Each structure stands twice: as structure tokens, then as C-alpha cells.
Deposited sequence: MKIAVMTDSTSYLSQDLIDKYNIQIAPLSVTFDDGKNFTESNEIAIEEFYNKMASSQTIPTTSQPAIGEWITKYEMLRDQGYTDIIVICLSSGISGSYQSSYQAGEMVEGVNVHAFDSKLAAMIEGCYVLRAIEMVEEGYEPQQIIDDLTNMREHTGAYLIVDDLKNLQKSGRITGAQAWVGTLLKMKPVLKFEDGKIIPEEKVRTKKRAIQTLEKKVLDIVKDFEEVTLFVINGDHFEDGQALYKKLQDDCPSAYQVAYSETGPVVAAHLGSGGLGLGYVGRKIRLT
């Protein structure tokens, strides 16, 4: 038994962790109105995508990884001697990436595929990858890892804000809150993005983000917080630094940024604050 752990590009893991653990990536892509296609990777500068998304009369379109791209990654890992693959996926409620990975796992032969619906995105989805890799080192077997991630999913969530709900409404990735389409505060619930609160100012939106998450994680034996920043770099840093001061060092407070696919649906000002009821190994 040789267990591998892979994921899609929306987990937004750093290249250090991808190089160190040899994490294979089934990438997602973005397509602009001028015909330019771009698959997600750590090579493209994220601020270059934000400049292009701002310089586009049409909101760009994203695409999940094709089922043939999961199969190619499955066959490559199988041909390297791997017998079991743990696949961490973008939330099935916002993308068909998980179902594509799930169906590809049924089609590829000679290897066992264990697809997991993380029900979230960004580095919060990547924390499942890091938890799975940690358990593989510990000698666990795929079903034990899947059961551990399922329990981890019950104490994992995210709140987020956006400048305008036009990017999410165009993509249909926002459920409800049609009267809102002030600053909205959204949240992930069962893998979907739903409204949570409508606040008066962007400043009180970020304050609301911290209050909602801090009120939840105080009942957790372990806490890993993740600031997922957008194009406004000062928003994520101010929240990240304020969390470092307001939270005890027993809390693991980390920082990360969105990629092109997530930014295409959030639009400008896409700031998020995620949490996991575990102490994830980030090294």
C-alpha cells in the first residue's frame, strides 16, 4: 500500500508544500472575453490577473478540471507505484470539480481513488491536503484518513465579504440574498455560499468577520485560522495582524491569497476568514 494525496488548483497550496510533498495538481482555468485562457499555477502573478479582470468589459469564465485531466493524474500516480490516492476537491456546491474527480476515480483502473468533497475552497481546502499527508506519514490507511477529514469538516467553515455581489450573481455561486443584489457578509454552509449579515461599512464587515469566527472557534480544542486575501492587500494584512493580537498564540493564525479562479467569482475586494477545528501542520 502506497498512498498518494493530490488536489485541484483551488486549494492554493504554496509551492514549498507542493515541491516538498510532491503534490500533484489538477488545475482549473480562467477564460477572458478576449479569448485568453490561463490554467491556475504558482507561476502566474495573482495581481496580474486582478489587473486583467479589472480591464475586462466582461466578467471572465472559469472551468473545472476536465475528467480526462483527473484520469491522467490518476494514471501517472498509479504508474509511479501508488495504490491509493486521496483526492481533496473544491466544494461540490460551487463546482463540479469533485464529481469530475469522483467519476474519474471510477473510470481509472489499477488504483484506488478516495475523492473527498472538502465543501470549501482556498487554503482551507488545502488544510485537508496537509492533514491527509500528515496521516499518511503516520501510517494511517485511506478509510481512516477519510473518516478523520469528515470529522474535521464538521468543525471547519469560512466567512467572507465582497465589494459587489455582481460577480457571484453572474456566476450563480451566491444562493439567496437576491434583495441585496451596504456591505454583505457571506458564509459557507454545506458547501454553498449564503448570506449571513448586511453591515453598514466595509470596516465593520471585517470586524464582523472576526467576531463570527472567534465566537465559533472558542469551543474548539484546536484552532487554525486562515486569512484568505483578495486584491486589496491592506484588508487581509490588517485582519491578519489584528488576529495575531486578539488571538492567543494557542491559535494557529496563517495567511493566504486567492487565485484566478476564486477571484473571478468573488470580484474585487474578496476577503475571507476561514477556520479549522484542528492544528494543521503547515510545514
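Within the chain's deposited sequence, the coordinate-free stretch is confined to 182 to 186.
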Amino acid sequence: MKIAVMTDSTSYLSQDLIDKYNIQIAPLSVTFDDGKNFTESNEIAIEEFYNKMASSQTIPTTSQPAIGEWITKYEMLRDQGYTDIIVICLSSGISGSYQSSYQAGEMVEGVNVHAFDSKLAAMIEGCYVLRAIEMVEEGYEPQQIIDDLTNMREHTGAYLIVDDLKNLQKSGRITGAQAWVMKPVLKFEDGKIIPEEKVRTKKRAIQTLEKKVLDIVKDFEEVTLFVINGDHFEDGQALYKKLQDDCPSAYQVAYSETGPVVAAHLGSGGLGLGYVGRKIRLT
From here on, numbers count along this sequence of modelled residues.
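Once the C-alpha B-factors are averaged per stretch, 154 to 162 and 193 to 201 rank with 193 to 201 first.
Annotation for 213 to 221 versus 51 to 59: the higher mean temperature factor (C-alpha) is found in 51 to 59. If you compare the C-alpha temperature factors of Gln207, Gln143, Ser97, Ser118 in the entry, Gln143 comes out highest.
Across the options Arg131, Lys187, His114, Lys183, the residue with the most elevated CA B-factor in the record is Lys183.
Looking at the C-alpha B-factors along this chain, the one for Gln103 belongs to the middle third. When the modelled residues of the chain are ordered by their C-alpha B factor, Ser9 lands in the lowest third. Annotation for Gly35: C-alpha temperature factor in the highest third relative to the rest of the modelled chain, per the entry. Placement of the Cα temperature factor of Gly126 within the chain: lowest third of the modelled residues, per the deposited record.
The entry lists a Cα temperature factor for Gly172 that places it in the middle third of the chain's modelled residues.
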